[PDB]
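> Experimental structure below, sequence on top.
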Amino acid sequence: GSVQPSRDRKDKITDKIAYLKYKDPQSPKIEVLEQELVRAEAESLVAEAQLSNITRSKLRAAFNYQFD
Amino acid sequence: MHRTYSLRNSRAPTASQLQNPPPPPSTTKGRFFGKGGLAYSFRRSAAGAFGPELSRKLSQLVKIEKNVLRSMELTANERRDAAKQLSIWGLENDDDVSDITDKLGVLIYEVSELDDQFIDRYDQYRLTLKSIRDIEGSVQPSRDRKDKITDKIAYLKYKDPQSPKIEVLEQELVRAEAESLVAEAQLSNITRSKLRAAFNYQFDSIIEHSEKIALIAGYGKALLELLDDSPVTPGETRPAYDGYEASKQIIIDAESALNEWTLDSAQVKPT
Amino acid sequence: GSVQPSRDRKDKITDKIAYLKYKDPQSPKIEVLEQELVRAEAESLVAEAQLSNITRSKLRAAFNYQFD
């Protein structure tokens, strides 16, 4: 639940980028917002990878303990 | 800077300074804050107080550059007015004097319009600096978050090393660090590219303006040669003036040369 | 002035297409609006060509008559 806000920020920033591009494709904020979107995306895909890893490990350990 | 190793706030005279003594300092240097007013100073200070810390200096640079552009356009307009009213004064004079001052007014008009073009290029360069300021000041909060989260992690570890939030906060710190080191790399890349491009554009505009002004000055001196500086003895008549055609061709050639000037046509050869 | 509304419609429809694409890229109206944009564009570029032709002809004839 603490890794969720990373994807929340990614979705918000991509929506903002789409809206800005539609409103003004030549706006100076397009480039900086695009860099920020890239940065959140690098923040987010690999965060999904880590989340899958930790979820698998924690679930397996907890359920093994519970079944024992 | 030309200062030699001495405590003197004076530089060794150059070849031009050796040719003739330098003129005395300007008499218009009055006593004030050294800049004229206070509103732009307040704007500069606000740029130096409210903005993000690491982008504050570049925002101040952008504001000061805007001030420079404002002053340059104002002085270009004032030079245009000065040329116009100088030729206005020269209207009621000798016909040779009237023609020479009129052509000089046109030449200063050309200088003013070239200054305006250079000002447009200078504002384009300032906009590029604004762009690099924007991207870098928007990449600053990544490191801001990294510092905040590492401080929070240190405080939590000191307060409770076994707190469950330690692991999730550590993952978040790793994540901001992966977000931040490579963001520094990208910032360095974009800063290098933008700075090189903007300064190359600015220096190209500078050399173009300098060469055009130099050609204007040379043509103006050649046209001043046309002026008859020989004094007439008291009580004598005025010799007839016939320099309309010569100045006619001179201004025609000046316009043709200004059209013909290209970036490669620059004859300045640094060594 | 009667050929101007063709480009007016072209601009309006391209703005509408951009807004719809930003709002909903998967909207069913995208394809029909795109066909309509193509159609106005085929209506408009060659209309510009014809307008240039008729403008040249009319201007030349009228000014020749006036100067005569």
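Everything's here; your move. Numbers count the residues shown, from 1 in each chain, chains lettered A, B, ... in the order given.
> How about chain A: which residue is closest to chain C?
Closest approach between chain A and chain C, counting by Cβ to the nearest Cβ: residue A:22, at 3.6 Å. Where you see a C-beta, it was placed from the backbone N, CA and C, and this is true even at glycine.
> Contact partners for the closest residue to that residue other than its chain neighbours?
Take residue A:22 and drop its neighbours on the chain: the residue closest to it by Cβ to Cβ, 6 or more residues apart in numbering or on different chains is residue C:22, 3.6 Å away. Each residue near residue C:22 by Cβ atoms under 8 Å, 6 or more residues apart in numbering or on different chains is listed here: A:18, A:19, A:21, A:22.
> What segments of chain A are helices?
A:4-23, A:29-67 (DSSP state H).
> now the longest one against helix B:95-159, angle please.
So that's helix A:29-67. 10 degrees (axes from the mean of the first three to the mean of the last three Cα atoms, to 10 degrees).
> and helix A:29-67, what other elements does it pack with?
Counting contacts by 3 or more Cβ pairs under 8 Å, 6 or more residues apart in numbering or on different chains; DSSP states H and E, helix A:29-67 packs against helix A:4-23, helix B:95-159, helix B:165-226.
> Let me have those in TSV, extended by distance to residue A:29.
Output for these, formatted as TSV (distance: least, Cβ to Cβ, whole Å):
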stretch	distance to residue A:29
helix A:4-23	6
helix B:95-159	7
helix B:165-226	15
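> and residue C:47, which of the ones you listed is closest to it?
Nearest to residue C:47 among these is helix A:4-23 (27.2 Å), distances taken as Cβ to Cβ.
> Now chain A against chain B: closest residue?
Distances between chain A and chain B by Cβ to the nearest Cβ are smallest at residue A:32, namely 4.7 Å.
> For that residue, which residues are in contact?
Contact analysis of residue A:32 by Cβ under 8 Å, 6+ apart lists B:134, B:135, B:138.
> hmm, back to that, and the two most separated of the contacts of residue C:22?
A:19 and A:21 (7.4 Å).
> Neighbour count: these two, which is higher?
Neighbours per residue, other Cβ atoms under 10 Å in any protein chain shown: of residue A:19 and residue A:21, the larger number sits with residue A:21, 17 against 12.
> surely the more buried one meets residue A:30?
Yes. Residue A:21 sits in contact with residue A:30 when judged by Cβ atoms under 8 Å, with a separation of 6.4 Å.
> So what's the residue count around residue A:5?
Other residues lying near residue A:5 total 11 when counted by other Cβ under 10 Å.
> Count residues in the vicinity of residue A:16, would you?
As a burial measure, residue A:16 scores 14 neighbours (other Cβ under 10 Å).
> For it, which non-adjacent residue is spatially closest?
Closest residue to residue A:16 apart from its sequence neighbours, by Cβ to Cβ, 6+ apart: residue A:33 at 6.6 Å.
> burial measure for that neighbour, as a count.
Neighbours of residue A:33 using other Cβ under 10 Å come to 20.
> is it true that it touches residue A:12?
No. Between residue A:33 and residue A:12 there is no contact under Cβ under 8 Å: 11.1 Å.
> wait, what's in contact with residue A:3?
Contacts for residue A:3 were tallied using Cβ under 8 Å, 6+ apart; they are A:47, A:50, A:51, B:171.
> Of these, just the buried ones, PyMOL syntax please.
Selection of the buried residues among these in PyMOL, burial being defined by 16 or more other Cβ atoms under 10 Å in any protein chain shown:
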select buried, (chain A and resi 47) or (chain B and resi 171)
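> Isn't residue A:13 up against residue A:37?
Yes. If you go by Cβ under 8 Å, residue A:13 and residue A:37 touch, sitting 5.2 Å apart.
> can you tell me which residues contact residue A:41?
Neighbour list for residue A:41: residue A:10 [criterion: Cβ under 8 Å, 6+ apart].
> go on, residue A:21?
Applying Cβ under 8 Å, 6+ apart, we find residue A:21 in contact with A:30, C:22.
> try residue A:27
Counting by Cβ under 8 Å, 6+ apart, residue A:27 makes contact with residue A:20.
> run the last query once more with 10 Å
A:20, A:21, A:33 (Cβ atoms under 10 Å, 6 or more residues apart in numbering or on different chains).
> Check residue A:30 too.
Residues in contact with residue A:30 (Cβ under 10 Å, 6+ apart) are A:17, A:20, A:21, A:24.
> Next: residue A:11.
The contact partners of residue A:11, by Cβ under 10 Å, 6+ apart, come to A:40, A:44.
> ok, now residue A:23?
Contact analysis of residue A:23 by Cβ under 10 Å, 6+ apart lists C:18, C:19, C:22.
> Looking at the residues you listed, which is nearest chain A?
residue C:22 (3.6 Å).
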